[PDB]
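Provided herewith is a single structure, encoded as structure tokens, for subsequent inquiry.
Read from first to last, the chains carry the letters A, B, C, D and E; within each, the first residue is number 1.
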Amino acid sequence: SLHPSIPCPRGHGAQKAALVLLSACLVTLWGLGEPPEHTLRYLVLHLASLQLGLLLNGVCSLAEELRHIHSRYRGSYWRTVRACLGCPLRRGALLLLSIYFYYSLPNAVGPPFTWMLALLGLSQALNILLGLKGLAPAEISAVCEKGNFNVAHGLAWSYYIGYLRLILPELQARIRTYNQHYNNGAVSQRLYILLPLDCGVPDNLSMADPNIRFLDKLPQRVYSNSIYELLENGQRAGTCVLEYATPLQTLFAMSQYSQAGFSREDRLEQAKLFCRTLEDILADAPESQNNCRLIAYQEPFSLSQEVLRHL
Amino acid sequence: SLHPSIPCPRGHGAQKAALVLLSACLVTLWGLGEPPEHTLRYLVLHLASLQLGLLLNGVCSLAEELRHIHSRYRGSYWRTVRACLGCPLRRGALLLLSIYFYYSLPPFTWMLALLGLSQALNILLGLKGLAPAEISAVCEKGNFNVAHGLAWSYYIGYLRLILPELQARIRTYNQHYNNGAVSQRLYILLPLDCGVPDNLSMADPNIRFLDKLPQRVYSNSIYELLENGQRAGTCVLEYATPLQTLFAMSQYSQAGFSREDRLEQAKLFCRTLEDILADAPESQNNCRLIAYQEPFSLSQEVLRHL
Amino acid sequence: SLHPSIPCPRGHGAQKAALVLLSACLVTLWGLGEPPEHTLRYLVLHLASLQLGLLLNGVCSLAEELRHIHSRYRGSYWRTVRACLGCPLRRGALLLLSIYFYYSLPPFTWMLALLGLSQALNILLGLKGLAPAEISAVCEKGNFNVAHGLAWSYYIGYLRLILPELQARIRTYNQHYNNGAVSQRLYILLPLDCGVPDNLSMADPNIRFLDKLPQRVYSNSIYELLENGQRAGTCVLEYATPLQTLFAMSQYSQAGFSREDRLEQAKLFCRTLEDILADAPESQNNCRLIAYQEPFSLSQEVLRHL
Amino acid sequence: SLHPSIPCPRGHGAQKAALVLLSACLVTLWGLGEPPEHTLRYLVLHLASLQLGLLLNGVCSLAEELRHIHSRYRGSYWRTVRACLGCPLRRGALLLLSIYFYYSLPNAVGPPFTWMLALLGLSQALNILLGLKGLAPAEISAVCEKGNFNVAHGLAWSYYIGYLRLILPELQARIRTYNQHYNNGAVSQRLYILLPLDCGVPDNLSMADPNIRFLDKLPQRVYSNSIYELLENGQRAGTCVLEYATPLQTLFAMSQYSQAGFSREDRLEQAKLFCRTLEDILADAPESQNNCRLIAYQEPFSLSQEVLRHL
Amino acid sequence: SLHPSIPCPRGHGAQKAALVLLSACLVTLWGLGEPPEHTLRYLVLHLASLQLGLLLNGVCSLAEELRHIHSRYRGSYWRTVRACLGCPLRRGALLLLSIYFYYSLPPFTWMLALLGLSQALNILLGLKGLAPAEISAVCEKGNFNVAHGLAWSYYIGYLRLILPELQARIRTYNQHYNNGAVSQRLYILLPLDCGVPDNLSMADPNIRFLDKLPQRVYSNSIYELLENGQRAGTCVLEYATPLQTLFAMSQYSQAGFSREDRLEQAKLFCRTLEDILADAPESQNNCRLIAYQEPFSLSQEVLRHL
């Protein structure tokens, strides 16, 4: 909600679509009136074949993982087996069910047991070699945003743990001291962290818009926060402690280099994700309680207008 | 390499396994000896079913992304369809070819309904789950890991700004004071357990603080290294704060960052910091990384690198 | 009564629902008018199958606790069997009667093997899930809560030691001072959001710190109760520290305790603390519990109870 | 590990036994060689009946949870439905599967759809009213321990957050200062916390055993901690900051009161669980960086011997 | 956008031309409707002949690089074979498959000898020469250009080191100058004709040299911009010395750098310099590129950008 261009967390729309598709398929099956015994047997055989294919792919992965057991898996074999096949005992039970219900049940549509196993191994080898069973970017994004497999996650958490959680307490006291000592307008008691989505972070904040102009270094493990006054049609509508977000600058510098594999599309994606994650952390932090305000913006507009409307 | 516990980049053992499995499958198919027209039809049907399942999964993902199209994909349907279904042209051609072969190769709509029901059950319950090893491999290949971002930010923000002047400051200190020669390399420690005391001396009594390097300010601390009570050497010891941040991430509940994930990302962070510092112009053998896993004397490990 | 958003203890709505379901079942069996012998035979068979499934689940539980027998049950097999199978004599008699009826009522070993397989599948995959509402009801009934312990500790540890002396010290401060006299009741605030600032001024500027009560010392404070900028009274304001403890528990990842559970336990803590203080011999209406949920004027809410 | 009587966390042995039983059942089925389609159909129908019974139980639970919607569920029906029927879409899909399979598949042993529904409703009503489906205490304890549904966990976390986390940092400095002043042996730099499993906590630690005697009050929120010395055959072999665990005292007081429903067997179980939870928290917490040691004991034995052996 | 004569990056017009050609071929095949077996056999034979010709060309290339194996490829035969034969596995499989079709489809040795002779004549006389358009496309695809190196060196050596301090020096001179403030940007001139005078006075009398910026001895210059004989502003004009380097390169005979190539590389240099400066962190709109070619008024062109 910081900016309309920042994505929201993934919902359960896929589950709802799956439920609707299941209902439609059930309605079609009831309408056609085909025998249900064949339907159940074929569905069980299909699921058994899928489980056996997953087993074969997991074994193929285990073949390479066995050389990583000493380093990535603390020298334990059951850990590697679980990482290759998911839950060990549940998958084993599913495999036993597959074996029992394929070696016994009739197979009108499907190969015989050992011939089916050979053909399925051939198909799995073809999938591994040619990469047919790949992951579309939607699934990769969902996995990344579910298990927190990102770089924006790391950058935002580092920003909170290292810088914000350290200056948020003393910020109010220092602002109050500056207001009391110097009787020359008023200063808002919240640091406004700017979040340029396009990751364009100049070293000089005043160059973003001439209205934002530096006024004074806020008096004081040595944090220097330059305060800026906001000119509205040439008149100072107020002043505030304003600064950029350095993780966005590090994201941009990551995109510049060639040892990152981090392109402009990925840079913008991570900028949006970092802004959202920092919003979450600051919303649910004890230090950030009417203390700091995030101002996310994408240049298509003047910065002073948004800073003032948030003021 | 950096440490025996640090996982080396993934090898091609999966390709060797695929080759072995392909050889075994060819051997057994030749042994059984059945006409290949039936095999071809069955395999084409299998790929057709797999492609139809992928299409249904993409349809569900499209229904999910209908509410994120305007923000994630700049409000363009082409990007959303490509994200949910892979490459548009390639996947579309593959699905069309599979459908044509499926219709040509000898119930017609009943099979489609059964396949749709099976895919809906797979998506809802989650039978075809992604194994943790596959997820880790994909994330590492695509640089979708937290440690990569943390290490790159560490290099860009702190290392790149102090390494050029570290040698100059060390030389100034050496020409300003003597015995006691400080090493010209920043010995960055990488404790894989991620338990970092706020002071080196607290972590190990064999390590003593000596002085502070001359200096935004960048204060560095030169430490005394002890052995049997005698000073063996002095180096600019400095913990890698990204590991402390990983530990704090694992502490909080909002991160969803488990201890096993913490150790794995510590290993990845050390490895990618090695990779970054290997080719970094600012790194000219003036910064040596030390990785140690307590099952230990830290001072002995530091000296072994001297 | 304490707050509209605090859940009252569960009544017997499930009993009414069961009665309605039983009445509907009687109505529908009367409507069909099926012979009762077959109905009874099938009901007994279903109950025997459920008993056998419970027996197999208890066998699996006993296999699990065979290694815990030394600690959980002090090396006693009888207690282990009772824990894994409920009442020993009653469950044993019920299982024996069910087996006898199943043998008498008209495959036998095939059905037993299939029932064992079904129970193994239920235990492995986890089809027989537990409803979260049922889990919450069981926890509330059997005191398997966290807020229960939190509130009992807060009452026993702190309230029980200050409530007798709070009125005496309030009176001492009243006679020491002059005319609005401080209220002789403790207005313990209970912010259900669990976000407690260290100072009341930060929570609400209209509330101001005024003085400290005279004294193993409890430094209870006396605050200015400003309405429209004028002091309408004086009393002792004191946050509930178990709320801060629950907040810190929700913050950490080593608690298995989420924000939804945090609000749930704040509700339960307020409810059971009020229940304890209602019957507390030390409490003689000398401490008034004030609770609120932020959607708010704190000073006006406090003045309402004044 | 602290004491042989403290129960270890539940392992996956239950699933191991389940897999063993499944293998035995599969072997038995293969030996009998009954028509596999009959077995699969019967299993599907049994699972459908179980799902329908769970649906009826969830509906009955909702019938009482709906009156708590305004307070316990923040006034939302979706929350109540989710809390009564588990995951909404997954449970709905399972229910639709059960309905479709029962309405279509033949059943040699099984009532017709409406008559089966009536009989299952009667059985569910009987189970609810009479409590026939009695939850054995072992599974109740397993669920409570898995989901942190025990007062011991809350008391341990409160003990850590309120008291230990505020004194453990400065404890080392205070002990070092006291050692600097009074050179009259040396005091251990680790706080020892006594855990009486019998929940018998006297007000004075000295009266617990003659060999333990209070020496001096450690100089400093008043965190006055009394140091105690150990009389090994009349000699002060060691001295340390020793005190009881007040959560165990509160547990004993709870057991004394009749308004807690907190019996003696439950008191012992909760004492053990509190000890183990505090062990875990101190093991992983940063403040307890080899700063505190827990001495858990149960009187069937001298306390001083255990304290010395831990020293 | 920098200049009308600056070429845009190569598009995909050839893809559209191929689409039109394919459409015409499909239309004529549908119109004629000749049997497809002969068409397939002829096309397969033609493709196999093309593959065999490429194989023979690669064999000759390998015979050439048998002496460069130890210099260009560090003494590894596999890299040399890949260089002379494209992707090893893909092209090897293509050649094997083409051979398999060629043998399967029905003299044979005479055809192979004739194909070898045709390849020998193609290589010796260079019939399959690379048109300059294809060479330019490959160079712009793989970034094989003199302009690329020149612009990258200009950015990394000069612009990246003077863009930051230029604005500070300009601000100092602005709060040092009594009388029109100088612009805060570097107005780099990019004369596409590459005829650069040693001074701006010779370029146009309407532009006057005024002063030297305070100072690495970069020592930029500030000029007077005369409009109608009166000063309209002052900017830090500064030629692009890589253009002079390109001109001097074209002058000499050892460069192999004709005037056409000189103009092409000047245009490419300007385009890639703009591309680099667009994403350059040091560029904060403090350096405005100016390009101009006489079919001209330099002073008016500079005033337009103000």
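Keep in mind that, in the parts below, contacts are C-beta pairs under 8 Å (C-beta built on N, C-alpha and C of every residue); 3 or more make two chains touch, one makes a residue touch a chain.
Listed by chain with UniProt protein names: A, B, C, D, E = Stimulator of interferon genes protein.
Of all chains, the one whose Cα centroid sits at the greatest distance from that of chain A is E.
Looking at which of A-E and C-D shares more C-beta pairs in contact, the answer is the pair C-D.
One finds 35 Å separating the Cα centroids of chain B and chain D. If each chain is reduced to the centroid of its CA atoms, chain A and chain D end up 33 Å from each other. If you average the CA atoms of chain A and of chain B, the two centres end up 14 Å from each other. Residue positions 120-121, 124, 251, 254-255, 257 of chain B each touch two or more of the other chains.
By the touch criterion given at the top, residues 279, 281, 284-285 of chain E touch chain A in their complex. By the touch criterion given at the top, residues 202-204, 207, 252-253, 256 of chain A touch chain E in their complex. By the touch rule above, chain D contacts chain B in their complex via residues 89-90, 93, 97, 284, 286, 289. The part of chain C that touches chain A in the complex is made up of residues 120-121, 124-125, 195, 197, 202, 247, 251, 259. Only residues 4-8, 10-19, 21-22, 24-26, 28-29, 32, 34, 39, 42-43, 46-47, 50-51, 54, 56, 58-61, 63-68, 70-72, 80, 82-86, 111, 114-115, 118-119, 121-126, 128-129, 132-144, 147-155, 157-158, 161-162, 222, 224, 246-247, 249-250, 253-254, 259-262, 270, 272, 280-281, 284 of chain A touch chain B when the two sit together in their complex.
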